[PDB]
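See below for my_file_4.txt, which holds compact mmCIF, C-alpha atoms and all ligand atoms.
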```txt
# COMPACT_ATOMS: atom_id res chain seq x y z
CA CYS A 336 13.14 88.97 61.48
CA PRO A 337 13.31 89.22 65.28
CA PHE A 338 16.46 91.27 65.83
CA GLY A 339 15.35 91.81 69.42
CA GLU A 340 17.58 89.39 71.27
CA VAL A 341 20.27 89.16 68.57
CA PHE A 342 21.01 92.82 69.22
CA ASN A 343 19.53 94.29 72.40
CA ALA A 344 20.63 91.37 74.57
CA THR A 345 21.31 91.87 78.26
CA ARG A 346 24.35 89.56 78.27
CA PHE A 347 26.51 88.84 75.23
CA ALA A 348 28.66 85.77 74.60
CA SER A 349 32.38 85.14 75.12
CA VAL A 350 34.85 85.53 72.26
CA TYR A 351 36.10 81.95 72.39
CA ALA A 352 32.60 80.46 72.35
CA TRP A 353 30.70 82.90 70.18
CA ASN A 354 27.03 82.48 69.68
CA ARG A 355 25.34 81.47 66.45
CA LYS A 356 21.75 82.48 65.67
CA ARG A 357 20.34 81.28 62.36
CA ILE A 358 17.97 83.97 61.19
CA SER A 359 15.47 82.40 58.80
CA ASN A 360 12.41 83.19 56.65
CA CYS A 361 11.37 86.70 57.67
CA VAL A 362 11.26 90.31 56.49
CA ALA A 363 14.70 91.79 57.22
CA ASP A 364 15.10 95.57 57.26
CA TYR A 365 18.80 96.36 57.24
CA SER A 366 17.96 100.05 57.02
CA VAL A 367 17.08 100.34 60.71
CA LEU A 368 20.53 98.92 61.23
CA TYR A 369 22.42 100.92 58.63
CA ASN A 370 21.15 104.33 59.70
CA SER A 371 21.00 103.82 63.45
CA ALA A 372 24.20 105.86 63.88
CA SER A 373 24.79 104.04 67.16
CA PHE A 374 27.28 101.65 65.57
CA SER A 375 30.94 102.54 65.65
CA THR A 376 31.78 100.13 62.83
CA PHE A 377 29.55 98.95 59.98
CA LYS A 378 31.54 97.35 57.18
CA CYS A 379 29.98 95.34 54.38
CA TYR A 380 32.13 93.11 52.22
CA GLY A 381 30.29 90.96 49.74
CA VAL A 382 27.73 93.69 49.18
CA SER A 383 27.57 97.42 49.85
CA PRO A 384 25.10 98.29 52.63
CA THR A 385 22.38 100.26 50.85
CA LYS A 386 21.53 97.37 48.50
CA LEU A 387 20.75 94.93 51.31
CA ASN A 388 17.07 95.88 51.45
CA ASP A 389 16.72 94.83 47.81
CA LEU A 390 18.18 91.32 47.77
CA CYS A 391 17.13 87.85 48.93
CA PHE A 392 19.18 84.91 50.22
CA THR A 393 18.65 81.45 51.71
CA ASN A 394 19.96 81.93 55.25
CA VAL A 395 21.40 84.70 57.37
CA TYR A 396 23.55 83.77 60.29
CA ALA A 397 24.34 86.16 63.12
CA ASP A 398 27.33 85.58 65.36
CA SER A 399 27.76 87.53 68.58
CA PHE A 400 30.61 88.14 70.99
CA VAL A 401 32.64 90.69 72.97
CA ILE A 402 36.24 91.75 72.39
CA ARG A 403 38.63 94.57 73.21
CA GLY A 404 38.35 97.89 71.40
CA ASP A 405 41.37 97.56 69.17
CA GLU A 406 40.70 93.96 68.23
CA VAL A 407 37.83 94.93 65.94
CA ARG A 408 40.25 95.14 63.05
CA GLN A 409 40.86 91.40 63.13
CA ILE A 410 37.21 90.65 62.37
CA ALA A 411 37.68 90.90 58.63
CA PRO A 412 38.59 88.49 55.82
CA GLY A 413 42.29 87.78 55.77
CA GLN A 414 43.75 88.94 59.10
CA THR A 415 46.00 87.50 61.78
CA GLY A 416 46.29 87.86 65.53
CA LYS A 417 45.22 86.14 68.72
CA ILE A 418 41.56 86.62 67.85
CA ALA A 419 41.44 85.72 64.18
CA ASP A 420 44.00 82.95 64.53
CA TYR A 421 42.23 80.90 67.15
CA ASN A 422 39.06 82.44 68.40
CA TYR A 423 36.94 83.35 65.38
CA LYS A 424 38.05 83.08 61.76
CA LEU A 425 36.20 84.63 58.77
CA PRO A 426 36.56 82.93 55.37
CA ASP A 427 38.46 84.65 52.62
CA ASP A 428 35.42 85.25 50.40
CA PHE A 429 33.12 86.56 53.11
CA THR A 430 29.77 87.93 52.04
CA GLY A 431 28.03 89.54 54.99
CA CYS A 432 28.64 92.59 57.13
CA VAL A 433 30.40 93.26 60.42
CA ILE A 434 28.86 95.57 63.01
CA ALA A 435 30.45 96.74 66.23
CA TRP A 436 29.71 99.23 68.97
CA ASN A 437 31.26 100.28 72.25
CA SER A 438 29.74 98.90 75.41
CA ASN A 439 31.87 100.23 78.23
CA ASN A 440 29.00 100.94 80.60
CA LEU A 441 27.39 97.51 80.34
CA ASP A 442 30.29 95.08 80.43
CA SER A 443 33.00 96.77 82.48
CA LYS A 444 32.68 96.85 86.24
CA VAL A 445 34.81 98.36 88.98
CA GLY A 446 37.33 95.87 90.28
CA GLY A 447 37.50 94.15 86.93
CA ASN A 448 35.00 92.02 85.05
CA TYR A 449 36.80 88.68 84.84
CA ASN A 450 33.99 86.81 83.11
CA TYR A 451 35.04 87.56 79.53
CA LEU A 452 37.73 85.11 78.45
CA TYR A 453 39.58 84.41 75.25
CA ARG A 454 41.80 81.61 74.00
CA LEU A 455 45.45 82.47 73.62
CA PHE A 456 47.08 79.12 72.77
CA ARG A 457 46.11 76.58 70.15
CA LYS A 458 47.83 73.91 68.09
CA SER A 459 46.68 75.27 64.74
CA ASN A 460 44.72 78.20 63.42
CA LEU A 461 41.00 77.73 63.02
CA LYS A 462 39.22 76.83 59.85
CA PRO A 463 36.75 79.56 58.92
CA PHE A 464 33.64 79.49 61.11
CA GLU A 465 35.11 76.72 63.24
CA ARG A 466 34.60 76.70 67.00
CA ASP A 467 36.63 75.23 69.85
CA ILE A 468 35.43 75.23 73.46
CA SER A 469 37.82 72.61 74.83
CA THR A 470 40.08 73.29 77.79
CA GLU A 471 42.65 70.50 77.61
CA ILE A 472 45.96 71.85 78.93
CA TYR A 473 48.56 73.11 76.46
CA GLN A 474 52.02 71.74 75.76
CA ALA A 475 55.36 73.55 75.83
CA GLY A 476 58.70 72.00 74.93
CA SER A 477 58.83 68.23 74.54
CA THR A 478 57.44 66.86 77.80
CA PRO A 479 54.50 65.03 79.35
CA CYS A 480 52.80 67.42 81.81
CA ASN A 481 49.84 65.20 82.65
CA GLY A 482 47.29 67.89 83.45
CA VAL A 483 49.24 70.37 85.56
CA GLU A 484 50.79 73.78 84.98
CA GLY A 485 54.53 74.27 85.37
CA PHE A 486 57.66 74.83 83.31
CA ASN A 487 56.54 75.28 79.70
CA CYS A 488 52.86 74.39 80.01
CA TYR A 489 49.72 76.15 81.18
CA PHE A 490 45.98 76.73 80.82
CA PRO A 491 44.80 77.99 77.44
CA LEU A 492 42.27 80.66 78.48
CA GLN A 493 42.90 84.17 79.74
CA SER A 494 40.42 86.81 80.86
CA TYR A 495 40.07 90.45 79.95
CA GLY A 496 39.90 92.25 83.21
CA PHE A 497 37.71 95.09 82.06
CA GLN A 498 37.63 98.22 84.20
CA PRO A 499 35.62 101.39 83.67
CA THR A 500 38.70 103.60 83.84
CA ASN A 501 40.35 102.02 80.80
CA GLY A 502 41.54 104.06 77.84
CA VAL A 503 39.61 103.52 74.64
CA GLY A 504 40.97 100.53 72.82
CA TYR A 505 40.87 98.67 76.08
CA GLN A 506 37.14 99.01 76.72
CA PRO A 507 34.78 96.24 75.69
CA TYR A 508 33.19 96.33 72.27
CA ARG A 509 30.27 94.16 71.29
CA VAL A 510 30.39 92.64 67.82
CA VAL A 511 27.77 91.04 65.57
CA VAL A 512 28.80 89.40 62.30
CA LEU A 513 26.01 88.86 59.80
CA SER A 514 26.79 86.26 57.18
CA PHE A 515 24.41 85.86 54.26
CA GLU A 516 24.65 82.47 52.65
CA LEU A 517 23.05 81.05 49.52
CA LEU A 518 22.95 77.25 49.40
CA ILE B 21 64.68 76.20 72.49
CA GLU B 22 63.83 79.74 71.43
CA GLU B 23 60.16 79.22 70.58
CA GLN B 24 59.56 78.14 74.17
CA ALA B 25 60.72 81.58 75.34
CA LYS B 26 58.24 83.39 73.09
CA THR B 27 55.38 81.40 74.57
CA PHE B 28 56.76 82.16 78.02
CA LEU B 29 56.67 85.91 77.53
CA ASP B 30 53.12 86.02 76.13
CA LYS B 31 51.86 84.40 79.32
CA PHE B 32 53.91 87.04 81.16
CA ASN B 33 52.71 89.97 79.05
CA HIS B 34 49.08 89.22 79.90
CA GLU B 35 49.39 88.57 83.62
CA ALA B 36 51.70 91.52 84.22
CA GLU B 37 49.62 94.22 82.53
CA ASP B 38 46.65 93.58 84.80
CA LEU B 39 48.65 93.14 88.00
CA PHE B 40 50.66 96.28 87.28
CA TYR B 41 47.41 98.15 86.65
CA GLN B 42 45.71 97.53 89.97
CA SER B 43 48.99 97.97 91.81
CA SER B 44 49.29 101.39 90.21
CA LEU B 45 45.61 102.26 90.49
CA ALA B 46 45.74 101.75 94.24
CA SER B 47 48.77 104.02 94.35
CA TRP B 48 46.67 106.70 92.66
CA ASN B 49 43.91 106.57 95.27
CA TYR B 50 46.45 106.97 98.05
CA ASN B 51 48.17 109.86 96.29
CA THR B 52 45.06 111.91 95.65
CA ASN B 53 43.09 111.17 98.85
CA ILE B 54 45.15 110.23 101.89
CA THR B 55 43.69 108.04 104.62
CA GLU B 56 45.40 105.14 106.30
CA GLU B 57 42.75 102.81 104.89
CA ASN B 58 44.33 103.73 101.57
CA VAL B 59 47.94 103.13 102.68
CA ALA C 264 81.49 126.42 99.53
CA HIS C 265 78.87 128.13 101.72
CA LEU C 266 78.15 131.11 99.43
CA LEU C 267 76.76 129.34 96.36
CA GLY C 268 72.99 129.53 96.80
CA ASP C 269 72.08 126.19 98.39
CA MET C 270 73.45 123.57 100.77
CA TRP C 271 75.72 121.74 98.30
CA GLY C 272 76.35 124.13 95.42
CA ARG C 273 74.46 121.88 93.02
CA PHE C 274 72.60 124.73 91.33
CA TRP C 275 73.81 128.33 91.24
CA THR C 276 70.27 129.54 90.53
CA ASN C 277 69.87 131.47 93.79
CA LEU C 278 72.78 133.76 92.86
CA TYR C 279 70.78 135.60 90.21
CA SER C 280 69.87 138.63 92.33
CA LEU C 281 73.57 139.29 92.99
CA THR C 282 74.81 138.48 89.47
CA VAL C 283 72.12 140.00 87.21
CA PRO C 284 73.73 141.83 84.25
CA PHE C 285 71.15 144.61 83.80
CA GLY C 286 68.96 144.96 86.88
CA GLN C 287 67.02 147.90 85.42
CA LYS C 288 65.37 145.66 82.81
CA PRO C 289 62.57 143.34 84.01
CA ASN C 290 63.02 139.73 82.96
CA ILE C 291 59.82 138.91 81.07
CA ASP C 292 57.05 137.53 83.27
CA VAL C 293 53.54 136.79 81.97
CA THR C 294 51.53 136.12 85.12
CA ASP C 295 49.55 139.34 85.22
CA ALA C 296 48.32 138.84 81.65
CA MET C 297 46.89 135.47 82.74
CA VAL C 298 44.79 136.92 85.57
CA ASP C 299 43.66 139.79 83.37
CA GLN C 300 41.99 137.45 80.85
CA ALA C 301 40.32 135.13 83.45
CA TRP C 302 42.21 131.98 82.51
CA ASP C 303 40.92 129.03 84.50
CA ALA C 304 42.70 125.85 85.49
CA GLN C 305 41.68 124.30 82.17
CA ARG C 306 43.09 126.92 79.80
CA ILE C 307 46.69 126.10 80.74
CA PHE C 308 46.34 122.53 79.52
CA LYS C 309 44.15 123.32 76.51
CA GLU C 310 46.76 125.73 75.21
CA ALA C 311 49.30 123.01 75.98
CA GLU C 312 47.33 120.48 73.95
CA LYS C 313 47.15 122.95 71.07
CA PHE C 314 50.94 123.21 71.12
CA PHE C 315 51.37 119.48 70.62
CA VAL C 316 48.68 119.16 67.96
CA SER C 317 50.45 122.05 66.20
CA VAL C 318 53.55 119.92 65.63
CA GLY C 319 51.77 116.75 64.49
CA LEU C 320 51.20 114.78 67.68
CA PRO C 321 47.93 113.19 68.84
CA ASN C 322 45.31 114.75 71.08
CA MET C 323 44.77 113.82 74.69
CA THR C 324 42.99 110.52 75.12
CA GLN C 325 39.63 111.99 76.37
CA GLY C 326 39.89 109.83 79.45
CA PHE C 327 42.58 112.36 80.34
CA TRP C 328 40.00 115.05 81.18
CA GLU C 329 37.81 113.29 83.72
CA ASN C 330 40.19 111.04 85.60
CA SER C 331 42.97 113.57 86.12
CA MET C 332 43.08 115.97 89.06
CA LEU C 333 44.41 119.24 87.73
CA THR C 334 44.02 121.21 90.97
CA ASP C 335 43.91 120.36 94.62
CA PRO C 336 40.22 119.57 95.16
CA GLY C 337 37.32 121.68 96.41
CA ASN C 338 37.52 119.59 99.54
CA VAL C 339 40.34 120.41 101.92
CA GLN C 340 41.72 117.11 100.74
CA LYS C 341 44.97 115.58 101.96
CA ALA C 342 46.69 114.69 98.69
CA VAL C 343 50.42 114.90 97.98
CA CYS C 344 50.63 117.97 95.75
CA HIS C 345 53.53 117.24 93.39
CA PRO C 346 53.62 117.58 89.59
CA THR C 347 53.93 114.18 87.95
CA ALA C 348 52.78 112.08 85.02
CA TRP C 349 51.22 108.67 85.57
CA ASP C 350 51.09 105.73 83.14
CA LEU C 351 48.86 103.26 85.07
CA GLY C 352 48.55 100.95 82.06
CA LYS C 353 45.85 99.81 79.67
CA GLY C 354 46.09 103.09 77.79
CA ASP C 355 45.10 105.14 80.85
CA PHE C 356 47.17 108.31 81.25
CA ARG C 357 46.63 110.76 84.10
CA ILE C 358 48.42 113.92 85.22
CA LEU C 359 48.51 114.81 88.92
CA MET C 360 49.40 118.38 89.83
CA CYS C 361 47.98 121.31 91.80
CA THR C 362 48.20 124.11 89.26
CA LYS C 363 48.07 127.82 90.07
CA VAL C 364 47.66 130.56 87.48
CA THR C 365 51.33 131.41 86.91
CA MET C 366 53.77 131.27 83.99
CA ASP C 367 55.77 128.83 86.13
CA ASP C 368 52.98 126.24 86.07
CA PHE C 369 52.20 127.25 82.50
CA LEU C 370 55.66 125.92 81.64
CA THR C 371 55.64 122.76 83.78
CA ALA C 372 52.29 121.96 82.19
CA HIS C 373 54.21 121.78 78.93
CA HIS C 374 56.86 119.72 80.70
CA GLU C 375 54.45 117.24 82.23
CA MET C 376 52.47 116.84 79.05
CA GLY C 377 55.73 115.90 77.34
CA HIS C 378 56.00 112.85 79.57
CA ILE C 379 52.51 111.87 78.46
CA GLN C 380 53.15 112.21 74.72
CA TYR C 381 56.29 110.13 75.14
CA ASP C 382 54.22 107.55 77.01
CA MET C 383 51.43 107.46 74.43
CA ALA C 384 53.90 106.75 71.63
CA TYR C 385 55.62 103.56 72.78
CA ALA C 386 52.42 101.96 74.09
CA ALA C 387 52.45 99.41 71.24
CA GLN C 388 55.67 97.69 72.35
CA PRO C 389 55.62 94.72 74.75
CA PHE C 390 55.39 95.42 78.49
CA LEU C 391 59.07 95.11 79.42
CA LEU C 392 60.19 97.65 76.80
CA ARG C 393 57.90 100.51 77.77
CA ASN C 394 60.55 102.84 79.21
CA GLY C 395 62.80 105.47 77.74
CA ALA C 396 65.70 104.24 75.64
CA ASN C 397 68.06 105.01 78.49
CA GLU C 398 67.51 106.67 81.84
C1 LIG A 601 16.90 98.20 70.91
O1 LIG A 601 16.92 98.29 69.49
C2 LIG A 601 15.95 99.21 69.00
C3 LIG A 601 15.91 99.15 67.48
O2 LIG A 601 17.10 99.74 66.94
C4 LIG A 601 16.29 100.62 69.48
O3 LIG A 601 15.27 101.53 69.05
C5 LIG A 601 14.92 102.83 68.65
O4 LIG A 601 15.20 103.96 69.48
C6 LIG A 601 15.12 105.18 68.74
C7 LIG A 601 15.59 106.33 69.63
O5 LIG A 601 16.88 106.76 69.20
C8 LIG A 601 13.69 105.40 68.27
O6 LIG A 601 13.63 106.58 67.47
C9 LIG A 601 12.77 107.67 67.13
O7 LIG A 601 11.46 107.13 66.97
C10 LIG A 601 10.45 108.11 67.21
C11 LIG A 601 9.08 107.44 67.18
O8 LIG A 601 9.00 106.49 68.25
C12 LIG A 601 10.55 109.20 66.14
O9 LIG A 601 9.58 110.22 66.42
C13 LIG A 601 11.94 109.81 66.11
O10 LIG A 601 12.07 110.66 64.97
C14 LIG A 601 13.02 108.73 66.06
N1 LIG A 601 14.33 109.33 66.24
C15 LIG A 601 15.36 108.98 65.47
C16 LIG A 601 16.64 108.71 66.19
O11 LIG A 601 15.26 108.90 64.26
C17 LIG A 601 13.20 104.21 67.45
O12 LIG A 601 11.79 104.34 67.21
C18 LIG A 601 13.47 102.90 68.17
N2 LIG A 601 13.19 101.78 67.29
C19 LIG A 601 12.04 101.11 67.37
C20 LIG A 601 11.72 100.51 68.71
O13 LIG A 601 11.29 100.99 66.41
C21 LIG A 601 16.41 100.66 71.00
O14 LIG A 601 16.95 101.93 71.40
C22 LIG A 601 17.30 99.54 71.51
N3 LIG A 601 17.24 99.48 72.96
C23 LIG A 601 17.32 100.57 73.71
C24 LIG A 601 16.21 100.77 74.69
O15 LIG A 601 18.25 101.36 73.61
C1 LIG A 602 38.99 108.53 100.06
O1 LIG A 602 38.57 107.41 99.35
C2 LIG A 602 37.88 106.43 100.15
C3 LIG A 602 37.62 105.26 99.23
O2 LIG A 602 37.78 105.62 97.87
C4 LIG A 602 36.61 107.04 100.75
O3 LIG A 602 36.17 106.16 101.78
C5 LIG A 602 34.86 105.51 101.65
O4 LIG A 602 34.51 105.21 100.27
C6 LIG A 602 33.28 104.49 100.16
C7 LIG A 602 33.13 104.10 98.71
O5 LIG A 602 33.48 102.74 98.49
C8 LIG A 602 32.13 105.35 100.68
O6 LIG A 602 30.93 104.59 100.62
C9 LIG A 602 32.40 105.76 102.12
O7 LIG A 602 31.40 106.68 102.55
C10 LIG A 602 33.78 106.42 102.26
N1 LIG A 602 34.08 106.69 103.66
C11 LIG A 602 33.74 107.83 104.27
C12 LIG A 602 34.13 107.95 105.71
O8 LIG A 602 33.13 108.72 103.68
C13 LIG A 602 36.89 108.39 101.41
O9 LIG A 602 35.66 109.05 101.69
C14 LIG A 602 37.77 109.30 100.55
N2 LIG A 602 38.17 110.47 101.31
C15 LIG A 602 37.40 111.55 101.47
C16 LIG A 602 37.97 112.65 102.31
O10 LIG A 602 36.28 111.62 100.97
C1 LIG A 603 41.93 117.11 68.41
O1 LIG A 603 40.76 117.65 69.07
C2 LIG A 603 40.16 118.78 68.43
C3 LIG A 603 39.01 119.22 69.29
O2 LIG A 603 39.29 119.02 70.67
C4 LIG A 603 39.74 118.41 67.01
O3 LIG A 603 39.20 119.56 66.36
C5 LIG A 603 40.93 117.87 66.24
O4 LIG A 603 40.53 117.46 64.93
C6 LIG A 603 41.57 116.70 66.98
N1 LIG A 603 42.73 116.20 66.26
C7 LIG A 603 42.66 115.23 65.34
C8 LIG A 603 43.95 114.85 64.69
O5 LIG A 603 41.59 114.69 65.06
```
What is this file in structure tokens?
Ligand SMILES: *[C@@H]1O[C@H](CO)[C@@H](O[C@@H]2O[C@H](CO)[C@@H](O[C@@H]3O[C@H](CO)[C@@H](O)[C@H](O)[C@H]3NC(C)=O)[C@H](O)[C@H]2NC(C)=O)[C@H](O)[C@H]1NC(C)=O
Ligand SMILES: *[C@@H]1O[C@H](CO)[C@@H](O[C@@H]2O[C@H](CO)[C@@H](O)[C@H](O)[C@H]2NC(C)=O)[C@H](O)[C@H]1NC(C)=O
Ligand SMILES: *[C@@H]1O[C@H](CO)[C@@H](O)[C@H](O)[C@H]1NC(C)=O
Amino acid sequence: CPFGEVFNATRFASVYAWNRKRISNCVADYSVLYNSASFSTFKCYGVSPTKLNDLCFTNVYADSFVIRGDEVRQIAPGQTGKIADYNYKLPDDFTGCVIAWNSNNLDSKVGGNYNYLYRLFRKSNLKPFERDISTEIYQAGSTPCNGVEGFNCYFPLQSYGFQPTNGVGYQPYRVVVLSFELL
Amino acid sequence: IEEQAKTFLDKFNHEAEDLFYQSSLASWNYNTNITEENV
Amino acid sequence: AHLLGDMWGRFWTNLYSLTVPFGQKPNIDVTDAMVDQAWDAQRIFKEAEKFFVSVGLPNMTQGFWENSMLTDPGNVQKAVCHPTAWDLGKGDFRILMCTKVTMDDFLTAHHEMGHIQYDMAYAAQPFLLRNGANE
């Protein structure tokens, strides 16, 4: 298990195009994770954390992205909101664990870091673990709008403008979702 | 229709909060350290 | 109209030295007990924060303590010195005042923190409804 990149990366991934690393045959030590005390949120759902270093699965997936501080409560099975509706949806019988830690000093820069976007309009909520990187314009009230903003119609992506002088709950948090699967 | 107004305000509530921030952050730097390159 | 204490007679508060009921009793003034216990600039707000946590209201936001400018600076720094409470947005609350060790600015510290605790409470509404319920 090479958690190197997967965790200590220099640049994370957006929230609307999360990453997806497929950890594979290895020796995984979830204790170095569980006790690192550097994580602000470590919830385990299918399985309590201390019994991870005593079980075996078929695949572990690790998804990575960056969100606001108070949006970490939508990364959980059965939630709603701009993030869980159409950015990243967790199935209703999730099995893995969700880890999250504050990263204000790395991702927020004076003048605003406008490189971290999220999707705020979609036709229909995502299926669990579904991903959507398109950019086709939206569609307000009945009308054409052949590629062009205007009355009732506009781009679908917004950007967190992160600043270092932002109250907590507005500072960037990095999130990693481990999902153990057993085919 | 009414659902068109809800989608109008969400676009507003995201663009306003950032533009009101900077416009009030620059008013802080003038108020606590006066130059004319801050006015 | 010209004997009321100010230019327009709006407040009669400058007539107190002529209209005091018992002038041989000192109206209570705790300013000497503040400079006898070596209270800094920070004690006046930390006792103010303990008043609000005493009633069941949240703490200050911990960005409140670095970003704010509780005195005029150590520089001879040109900066409008007027008590006020700022609500810049994004959950960033700052207080700007130039506080001196007096019971006057011990009280307006409680006044200006009250604008902050009102501001921290309705910060979950949408943007166009983040004012007081009337003026
Ligand atoms: C990238 O991820 C790494 C793995 O989590 C992080 O690594 C760890 O940093 C710890 C410092 O808090 C190290 O801890 C200590 O290790 C020494 C021996 O080297 C012991 O004597 C101490 O008792 C022990 N202290 C604690 C807190 O228990 C870990 O050794 C180290 N993990 C490794 C490399 O095995 C990195 O911090 C992280 N990137 C960075 C640079 O932050
Ligand atoms: C008032 O603030 C301004 C900007 O915040 C200061 O002006 C310059 O700030 C830059 C930082 O981006 C420094 O690199 C420069 O050295 C500053 N200019 C000078 C002449 O020092 C300004 O210094 C502040 N006022 C005072 C009195 O320090
Ligand atoms: C407020 O802060 C103090 C220390 O500054 C802490 O002891 C107290 O528990 C905090 N209040 C709450 C509700 O956590």
Exercise: range 490-506 of chain A partners within 6 Å, only C-alpha atoms, chain neighbours under 6 positions left out, as an mmCIF file with C-alpha atoms, in the coordinates of the input:
```
data_model
loop_
_atom_site.group_PDB
_atom_site.id
_atom_site.type_symbol
_atom_site.label_atom_id
_atom_site.label_comp_id
_atom_site.auth_asym_id
_atom_site.auth_seq_id
_atom_site.Cartn_x
_atom_site.Cartn_y
_atom_site.Cartn_z
ATOM 1 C CA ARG A 403 38.630 94.570 73.210
ATOM 2 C CA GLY A 404 38.350 97.890 71.400
ATOM 3 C CA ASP A 405 41.370 97.560 69.170
ATOM 4 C CA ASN A 439 31.870 100.230 78.230
ATOM 5 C CA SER A 443 33.000 96.770 82.480
ATOM 6 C CA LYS A 444 32.680 96.850 86.240
ATOM 7 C CA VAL A 445 34.810 98.360 88.980
ATOM 8 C CA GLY A 447 37.500 94.150 86.930
ATOM 9 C CA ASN A 448 35.000 92.020 85.050
ATOM 10 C CA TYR A 449 36.800 88.680 84.840
ATOM 11 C CA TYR A 451 35.040 87.560 79.530
ATOM 12 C CA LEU A 452 37.730 85.110 78.450
ATOM 13 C CA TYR A 453 39.580 84.410 75.250
ATOM 14 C CA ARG A 454 41.800 81.610 74.000
ATOM 15 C CA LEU A 455 45.450 82.470 73.620
ATOM 16 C CA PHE A 456 47.080 79.120 72.770
ATOM 17 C CA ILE A 472 45.960 71.850 78.930
ATOM 18 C CA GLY C 354 46.090 103.090 77.790
ATOM 19 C CA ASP C 355 45.100 105.140 80.850
#
```
How would you report the residues lying within 9 Å of ligand LIG 601 (chain A), as a PyMOL selection string, if you count all atoms listed in the file?
chain A and resi 338-340+342-344+367-368+370-373
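Between CA of residue 336 in chain A and CA of residue 365 in chain A lies a distance of 10.2 Å.
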Box for range 349-359 of chain C - axis-aligned, 6 Å on each of the six sides, all listed atoms - centre and size in Å to one decimal, as AutoDock Vina command-line options.
```
--center_x 48.2 --center_y 107.3 --center_z 83.4 --size_x 18.1 --size_y 27.0 --size_z 23.1
```
Excluding residue 32 in chain B and its own-chain neighbours fewer than 6 positions away, which residues fall within 12 Å of it when counting only C-alpha atoms? Please give them as a PDB file with C-alpha atoms, keeping the file's coordinate frame.
```pdb
ATOM      1  CA  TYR A 489      49.720  76.150  81.180  1.00  0.00           C
ATOM      2  CA  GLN A 493      42.900  84.170  79.740  1.00  0.00           C
TER       3      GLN A 493
ATOM      4  CA  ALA B  25      60.720  81.580  75.340  1.00  0.00           C
ATOM      5  CA  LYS B  26      58.240  83.390  73.090  1.00  0.00           C
ATOM      6  CA  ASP B  38      46.650  93.580  84.800  1.00  0.00           C
ATOM      7  CA  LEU B  39      48.650  93.140  88.000  1.00  0.00           C
ATOM      8  CA  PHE B  40      50.660  96.280  87.280  1.00  0.00           C
TER       9      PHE B  40
ATOM     10  CA  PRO C 389      55.620  94.720  74.750  1.00  0.00           C
ATOM     11  CA  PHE C 390      55.390  95.420  78.490  1.00  0.00           C
ATOM     12  CA  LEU C 391      59.070  95.110  79.420  1.00  0.00           C
TER      13      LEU C 391
END
```
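Take CA of residue 46 in chain B and CA of residue 29 in chain B: the distance between them is 25.5 Å.
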Neighbours of chain A in chain C at 8 Å, counting only C-alpha atoms, as a PyMOL selection string
chain C and resi 324+326+330+353-356
Throw together the list of residues within 7 Å of ligand LIG 602 (chain A), counting all atoms listed in the file, and drop it here as a PyMOL selection string.
(chain B and resi 49+53-55) or (chain C and resi 340)
Env. residues ligand LIG 603 (chain A) / 7 Å / only C-alpha atoms and all ligand atoms / as a ChimeraX atom specification:
/C:316,321-322
Written file, previous selection with C-alpha atoms, as a CSV table (one decimal), in the frame of the given file:
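Saved result, part-v5.csv, follows:
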```
chain,number,residue,atom,x,y,z
C,316,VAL,CA,48.7,119.2,68.0
C,321,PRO,CA,47.9,113.2,68.8
C,322,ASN,CA,45.3,114.8,71.1
```
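Residues from chain B that have an atom within 7 Å of chain C, counting only C-alpha atoms, are residues 33, 37, 41, 44, 45, 51, 52, 53 and 54 of chain B.
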Could the residues in this selection be saved with C-alpha atoms as a compact mmCIF listing (two decimals), keeping the file's coordinate frame?
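Here's the written file result28.txt:
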```
# COMPACT_ATOMS: atom_id res chain seq x y z
CA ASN B 33 52.71 89.97 79.05
CA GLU B 37 49.62 94.22 82.53
CA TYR B 41 47.41 98.15 86.65
CA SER B 44 49.29 101.39 90.21
CA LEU B 45 45.61 102.26 90.49
CA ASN B 51 48.17 109.86 96.29
CA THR B 52 45.06 111.91 95.65
CA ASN B 53 43.09 111.17 98.85
CA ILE B 54 45.15 110.23 101.89
```
Residues of chain A that approach chain B to 7 Å or less, counting only C-alpha atoms: could you list each one with the shortest pair of atoms and its distance in Å to one decimal, rows by chain and increasing residue number, as JSON lines?
```
{"residue": "A:475", "atom": "CA", "partner": "B:24", "partner_atom": "CA", "distance": 6.4}
{"residue": "A:476", "atom": "CA", "partner": "B:24", "partner_atom": "CA", "distance": 6.2}
{"residue": "A:487", "atom": "CA", "partner": "B:24", "partner_atom": "CA", "distance": 6.9}
```
Write out, as a PDB file, in the coordinates of the input, the residues just selected, with C-alpha atoms.
```
ATOM      1  CA  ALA A 475      55.360  73.550  75.830  1.00  0.00           C
ATOM      2  CA  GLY A 476      58.700  72.000  74.930  1.00  0.00           C
ATOM      3  CA  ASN A 487      56.540  75.280  79.700  1.00  0.00           C
TER       4      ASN A 487
END
```
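The spacing separating CA of residue 320 in chain C from CA of residue 377 in chain A amounts to 27.9 Å.
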Surrounding residues of range 389-393 of chain A excluding itself and chain neighbours under 6 positions, 8 Å, all atoms listed in the file, as a PDB file with C-alpha atoms, keeping the file's coordinate frame:
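Wrote it out as part.pdb, contents follow:
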```pdb
ATOM      1  CA  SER A 359      15.470  82.400  58.800  1.00  0.00           C
ATOM      2  CA  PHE A 515      24.410  85.860  54.260  1.00  0.00           C
ATOM      3  CA  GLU A 516      24.650  82.470  52.650  1.00  0.00           C
ATOM      4  CA  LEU A 517      23.050  81.050  49.520  1.00  0.00           C
ATOM      5  CA  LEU A 518      22.950  77.250  49.400  1.00  0.00           C
TER       6      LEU A 518
END
```
